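**Q** any chance you could fold what I've pasted below:
(3 chains)
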Amino acid sequence: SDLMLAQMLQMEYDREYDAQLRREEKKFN
Amino acid sequence: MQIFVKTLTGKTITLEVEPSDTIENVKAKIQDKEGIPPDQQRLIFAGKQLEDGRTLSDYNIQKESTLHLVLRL
Amino acid sequence: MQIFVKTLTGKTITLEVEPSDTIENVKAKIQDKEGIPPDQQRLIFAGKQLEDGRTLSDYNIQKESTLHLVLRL
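**A** Residues are numbered from 1 along each chain as shown, chains lettered A, B, ... in the order given. The structure is reproduced below:
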(Lines give C-alpha, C1' and ligand atoms only; values in the text may rest on other atoms or scores of the structure.)
Protein backbone atom coordinates (compact mmCIF):
# COMPACT_ATOMS: atom_id res chain seq x y z
CA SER A 1 0.00 0.00 0.00
CA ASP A 2 1.00 3.65 -0.35
CA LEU A 3 0.67 4.26 3.40
CA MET A 4 3.06 1.52 4.55
CA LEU A 5 5.59 2.50 1.87
CA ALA A 6 5.30 6.10 3.07
CA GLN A 7 5.84 5.02 6.69
CA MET A 8 8.88 2.93 5.72
CA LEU A 9 10.35 5.81 3.70
CA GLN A 10 9.68 8.21 6.58
CA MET A 11 11.44 5.89 9.04
CA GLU A 12 14.40 5.53 6.66
CA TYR A 13 14.59 9.31 6.20
CA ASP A 14 14.44 9.74 9.98
CA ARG A 15 17.40 7.36 10.24
CA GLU A 16 19.19 9.50 7.64
CA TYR A 17 18.43 12.66 9.63
CA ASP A 18 19.67 10.99 12.82
CA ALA A 19 22.91 10.14 11.00
CA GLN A 20 23.07 13.80 9.91
CA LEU A 21 22.58 14.86 13.54
CA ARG A 22 25.38 12.51 14.58
CA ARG A 23 27.61 14.10 11.93
CA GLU A 24 26.69 17.55 13.27
CA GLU A 25 27.64 16.28 16.72
CA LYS A 26 31.02 15.09 15.42
CA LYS A 27 31.52 18.56 13.98
CA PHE A 28 30.64 20.31 17.24
CA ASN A 29 32.43 18.45 20.06
CA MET B 1 -10.87 18.10 -9.10
CA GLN B 2 -10.94 16.83 -5.51
CA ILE B 3 -7.91 14.93 -4.21
CA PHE B 4 -7.02 13.35 -0.87
CA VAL B 5 -3.64 13.25 0.88
CA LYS B 6 -3.02 10.87 3.79
CA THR B 7 -0.23 11.49 6.28
CA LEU B 8 1.79 8.95 8.25
CA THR B 9 -0.44 9.51 11.32
CA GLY B 10 -3.63 8.69 9.40
CA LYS B 11 -4.74 12.31 8.95
CA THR B 12 -6.54 12.87 5.64
CA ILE B 13 -6.69 16.28 3.93
CA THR B 14 -8.99 17.04 1.00
CA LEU B 15 -7.84 19.62 -1.55
CA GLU B 16 -9.09 21.11 -4.82
CA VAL B 17 -6.46 20.73 -7.56
CA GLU B 18 -6.37 20.60 -11.35
CA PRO B 19 -4.74 17.99 -13.62
CA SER B 20 -2.37 20.66 -14.99
CA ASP B 21 -1.32 21.66 -11.46
CA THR B 22 2.18 20.51 -10.58
CA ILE B 23 3.31 18.77 -7.41
CA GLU B 24 4.63 22.17 -6.33
CA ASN B 25 1.04 23.45 -6.53
CA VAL B 26 -0.11 20.52 -4.38
CA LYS B 27 2.67 21.33 -1.90
CA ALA B 28 1.55 24.97 -1.82
CA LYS B 29 -2.04 23.83 -1.20
CA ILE B 30 -0.85 21.56 1.63
CA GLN B 31 1.13 24.48 3.07
CA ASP B 32 -2.00 26.65 2.95
CA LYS B 33 -4.08 23.88 4.54
CA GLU B 34 -1.71 22.79 7.34
CA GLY B 35 1.47 24.89 7.35
CA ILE B 36 4.02 22.21 6.38
CA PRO B 37 6.74 23.68 4.11
CA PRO B 38 6.85 22.55 0.46
CA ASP B 39 10.47 21.47 0.90
CA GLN B 40 9.44 19.54 4.04
CA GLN B 41 6.66 17.63 2.25
CA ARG B 42 7.19 14.58 0.03
CA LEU B 43 4.38 13.23 -2.16
CA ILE B 44 4.07 9.54 -3.07
CA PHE B 45 1.61 8.18 -5.63
CA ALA B 46 1.20 4.48 -6.56
CA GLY B 47 4.46 3.58 -4.83
CA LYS B 48 6.48 6.19 -6.74
CA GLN B 49 7.75 9.53 -5.47
CA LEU B 50 6.12 12.44 -7.29
CA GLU B 51 8.40 14.98 -8.97
CA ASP B 52 7.82 18.68 -8.32
CA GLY B 53 8.43 19.51 -11.98
CA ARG B 54 5.94 16.86 -13.08
CA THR B 55 2.22 17.59 -12.92
CA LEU B 56 -0.75 15.59 -11.67
CA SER B 57 -1.66 14.64 -15.25
CA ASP B 58 1.91 13.45 -15.82
CA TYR B 59 1.61 11.20 -12.75
CA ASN B 60 -1.84 9.96 -13.93
CA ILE B 61 -3.53 11.48 -10.87
CA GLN B 62 -7.31 11.47 -11.34
CA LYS B 63 -10.26 12.70 -9.30
CA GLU B 64 -10.59 11.33 -5.74
CA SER B 65 -7.05 9.95 -5.89
CA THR B 66 -5.17 9.11 -2.69
CA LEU B 67 -1.61 10.36 -2.23
CA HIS B 68 0.84 9.80 0.63
CA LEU B 69 2.41 12.77 2.42
CA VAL B 70 5.73 12.47 4.28
CA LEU B 71 6.98 15.21 6.59
CA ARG B 72 10.67 16.05 6.27
CA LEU B 73 12.82 17.48 9.05
CA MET C 1 3.22 -13.62 -17.84
CA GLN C 2 4.53 -10.05 -18.06
CA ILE C 3 4.70 -7.87 -14.94
CA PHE C 4 5.80 -4.29 -14.35
CA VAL C 5 7.82 -2.93 -11.42
CA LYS C 6 8.01 0.82 -10.79
CA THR C 7 10.70 2.45 -8.66
CA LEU C 8 10.91 5.86 -7.01
CA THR C 9 12.73 7.33 -10.04
CA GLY C 10 9.83 6.59 -12.42
CA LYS C 11 11.65 3.86 -14.35
CA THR C 12 9.48 0.85 -15.18
CA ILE C 13 11.02 -2.62 -15.49
CA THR C 14 9.21 -5.39 -17.37
CA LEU C 15 9.78 -8.94 -16.13
CA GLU C 16 8.68 -12.34 -17.40
CA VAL C 17 7.34 -14.35 -14.45
CA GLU C 18 4.77 -17.04 -13.68
CA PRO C 19 2.02 -17.29 -11.04
CA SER C 20 3.93 -20.11 -9.31
CA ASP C 21 7.12 -18.03 -9.19
CA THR C 22 8.01 -16.87 -5.69
CA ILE C 23 9.01 -13.34 -4.71
CA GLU C 24 12.57 -14.62 -4.30
CA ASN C 25 12.62 -15.37 -8.04
CA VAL C 26 11.31 -11.85 -8.70
CA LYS C 27 14.07 -10.43 -6.49
CA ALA C 28 16.66 -12.49 -8.38
CA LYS C 29 15.26 -11.20 -11.69
CA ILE C 30 15.41 -7.61 -10.40
CA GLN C 31 19.01 -8.20 -9.29
CA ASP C 32 19.86 -9.56 -12.74
CA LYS C 33 18.13 -6.64 -14.49
CA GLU C 34 19.21 -3.66 -12.36
CA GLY C 35 21.90 -4.88 -9.96
CA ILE C 36 20.01 -4.04 -6.75
CA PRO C 37 20.57 -6.77 -4.13
CA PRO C 38 17.55 -8.79 -2.97
CA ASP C 39 18.31 -7.98 0.68
CA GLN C 40 17.76 -4.25 0.05
CA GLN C 41 14.76 -4.69 -2.28
CA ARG C 42 11.15 -4.57 -1.04
CA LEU C 43 8.13 -5.30 -3.25
CA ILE C 44 4.70 -3.80 -2.56
CA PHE C 45 1.58 -4.99 -4.39
CA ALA C 46 -2.18 -4.87 -3.67
CA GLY C 47 -1.79 -3.31 -0.24
CA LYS C 48 0.57 -5.99 1.11
CA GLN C 49 4.31 -6.55 1.28
CA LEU C 50 5.70 -9.44 -0.76
CA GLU C 51 7.06 -12.35 1.28
CA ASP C 52 9.90 -14.56 0.07
CA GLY C 53 7.94 -17.69 1.01
CA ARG C 54 4.89 -16.60 -1.00
CA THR C 55 4.19 -16.79 -4.73
CA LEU C 56 2.61 -14.43 -7.24
CA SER C 57 -0.57 -16.53 -7.36
CA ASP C 58 -0.88 -16.29 -3.57
CA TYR C 59 -0.78 -12.49 -3.85
CA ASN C 60 -3.33 -12.57 -6.73
CA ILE C 61 -0.81 -11.01 -9.11
CA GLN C 62 -2.18 -11.20 -12.66
CA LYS C 63 -0.81 -10.28 -16.08
CA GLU C 64 0.35 -6.67 -16.60
CA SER C 65 0.26 -6.04 -12.84
CA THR C 66 2.12 -3.04 -11.42
CA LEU C 67 4.24 -3.42 -8.29
CA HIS C 68 6.29 -0.89 -6.33
CA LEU C 69 10.00 -1.42 -5.67
CA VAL C 70 11.75 0.14 -2.66
CA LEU C 71 15.54 0.17 -2.36
CA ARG C 72 16.95 -0.03 1.16
CA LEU C 73 20.13 1.74 2.22
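
**Q** how many other residues sit next to the residue in chain A that chain B sits nearest to?
**A** Per C-beta to the nearest C-beta, residue A:6 is where chain A lies closest to chain B, at 3.7 Å. C-betas here are computed from N, CA, C, even on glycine. Per other C-beta atoms under 10 Å in any protein chain shown, the neighbour tally for residue A:6 reads 22.

**Q** give the buried residues for the helix or strand hosting it.
**A** For residue A:6, the host element (DSSP states H and E) is helix A:2-28. Neighbour-count burial for helix A:2-28, with 16 or more other C-beta atoms under 10 Å in any protein chain shown as criterion, is recorded at A:2, A:5, A:6, A:7, A:9, A:10.

**Q** still on that earlier bit, hmm, residue B:68 and the residue of chain A closest to chain B touching each other?
**A** Yes: shown here, residue A:6 and residue B:68 form a contact pair, counting by C-beta atoms under 8 Å, at 3.7 Å.

**Q** any common contacting residues for the two?
**A** Taking C-beta atoms under 8 Å, 6 or more residues apart in numbering or on different chains as the contact rule, residue A:6 and residue B:68 both touch B:6, B:44.

**Q** what residues sit buried inside stretch B:62-73?
**A** B:65, B:67, B:68, B:69, B:70, B:71.

**Q** roughly how far is the strand or helix carrying the third one from the heart of the chain?
**A** The reference is to residue B:68. Taking DSSP H and E as the definition, one finds residue B:68 inside strand B:66-71. On the basis of C-alpha atoms, centre = their mean, to the nearest Å, strand B:66-71 sits 6 Å off its chain's mean C-alpha point.

**Q** close to chain C, is it?
**A** No: counting by C-beta under 8 Å from any C-beta of the partner chain, no contacts exist between strand B:66-71 and chain C, the nearest distance being 11.1 Å.

**Q** that strand pairs with which strands, parallel or anti?
**A** strand B:2-6 (parallel), strand B:41-45 (antiparallel) (DSSP bridges).

**Q** is any part of the helix or strand just after the last one close to chain C?
**A** Downstream of strand B:41-45, the next assigned helix or strand under DSSP H and E is strand B:48-49. Yes: interface with chain C: strand B:48-49 contributes B:48, B:49 (C-beta under 8 Å from any C-beta).

**Q** what's the span of stretch B:47-62, first residue to last?
**A** Start and end residues of stretch B:47-62 are separated by 16 Å (C-alpha to C-alpha, to the nearest Å).

**Q** what does that stretch contact?
**A** A:2, A:5, B:1, B:3, B:17-24, B:26-27, B:38, B:42-46, B:67, C:6-10, C:44, C:67-70.
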